[PDB]
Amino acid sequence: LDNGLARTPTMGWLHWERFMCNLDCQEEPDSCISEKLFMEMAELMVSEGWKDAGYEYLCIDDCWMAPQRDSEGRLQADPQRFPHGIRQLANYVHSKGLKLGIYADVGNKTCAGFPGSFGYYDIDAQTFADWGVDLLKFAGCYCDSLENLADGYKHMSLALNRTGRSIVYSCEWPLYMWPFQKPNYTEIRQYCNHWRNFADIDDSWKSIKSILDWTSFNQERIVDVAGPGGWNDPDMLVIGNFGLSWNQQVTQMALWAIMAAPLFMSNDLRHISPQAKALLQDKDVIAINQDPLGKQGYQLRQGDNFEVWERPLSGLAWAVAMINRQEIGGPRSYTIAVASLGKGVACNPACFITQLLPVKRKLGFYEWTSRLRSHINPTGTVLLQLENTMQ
């Protein structure tokens, strides 16, 4: 989408995976979807280093709306859980230097059952602009027609543009098109800043595997269309929660960087381990994800329960990620000729290789003819950066 936004993958926090559609502010006050939750999460984004690391957008997912529209047909925030409304929450977020994301649906209803935007696209776009929203996640539930789906996504895109307000437009168009026909990605990119391709993530290693496997399987369709202003979205980062081991968390961070994915944390910043914080705030790995060249990475190799992925970066650098998919035993040895990496360019005549994950270590100079030997933990990933040099 040619709107001057998302020139690098958008970074921020989105409530869905960790907080879902909890409406019980009586029995579950700390996890219910409320202005207080977003206020507190905003504060922590500032005070705990997230904004400095790059996490800029504080985004509300589904279940923020009142059951009805108002007397003017405009969307409202629920009056019990968001008494001060979206406009004032938007002021609170901007005063902290952050930006605000909100959520809406192409259909008659949102996935959770609240008012959809079908037939109100221009009204909703303007309300979002008037409120000072900075990002829109636009879902695809309760749309049974292919024509409607495409029409709605296109219409809303233009409707946002017409408000004159800079709003990152996050689409679920391709995901909700899979049931009808293969998506046209040139068209989707024309209208969207990023796009969900695959099923909702959850707090499990199974879910990570499935996203990587789908992405690698479909990579000839989706990799080359990614670039500044239009990214593939493999869904939220779930590092910091309950279901991934340390190594699985490392795999997610590594591969989301390799994949030029948007980085939307879905976790609780009030209760997050120092280990997870440091991984999520890892300057070098974020720098890979945010590389200005903006070329999405891909799977180079697959075999013997190993995968090798790589991503080209600016200034002749490459990130290389090696996964061990064997879920039994101990650290497994993997070796590759550095001339097979980075299309034969990375280490010609030589490169300097720095290991970034699971720990940071300078590995040294590698000649074009030489071999990189690495040990990889089960369900873990080793992430390296290759700097082309003459020394």
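The numbering used is simple: start at 1 and walk along the sequence shown.
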*For the C-alpha atoms alone, is the average B factor greater in 262-270 or in 157-165, going by the entry?*
157-165
*Got a sec? Mean C-alpha B-factor, which is higher, 21-29 or 373-381?*
21-29
*Looking at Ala287, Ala254, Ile102, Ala77, which has the highest CA B-factor as recorded?*
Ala77
*Out of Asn193, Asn232, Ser210, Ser145, highest CA B-factor residue*: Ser145
*Give the position of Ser34 by CA B-factor within its chain, expressed as the lowest, middle or highest third.*
middle
*Can you tell me which third, lowest, middle or highest, the CA B-factor of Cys347 falls into for its chain?*
highest
*Please place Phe118 in the lowest, middle or highest third of its chain by C-alpha B factor as given in the entry.*
highest
*Please rank the C-alpha B-factors of the chain's modelled residues and tell me whether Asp134 sits in the lowest, middle or highest third.*
middle
*Relative C-alpha B-factor of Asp70, binned into the chain's lowest, middle or highest third*: highest
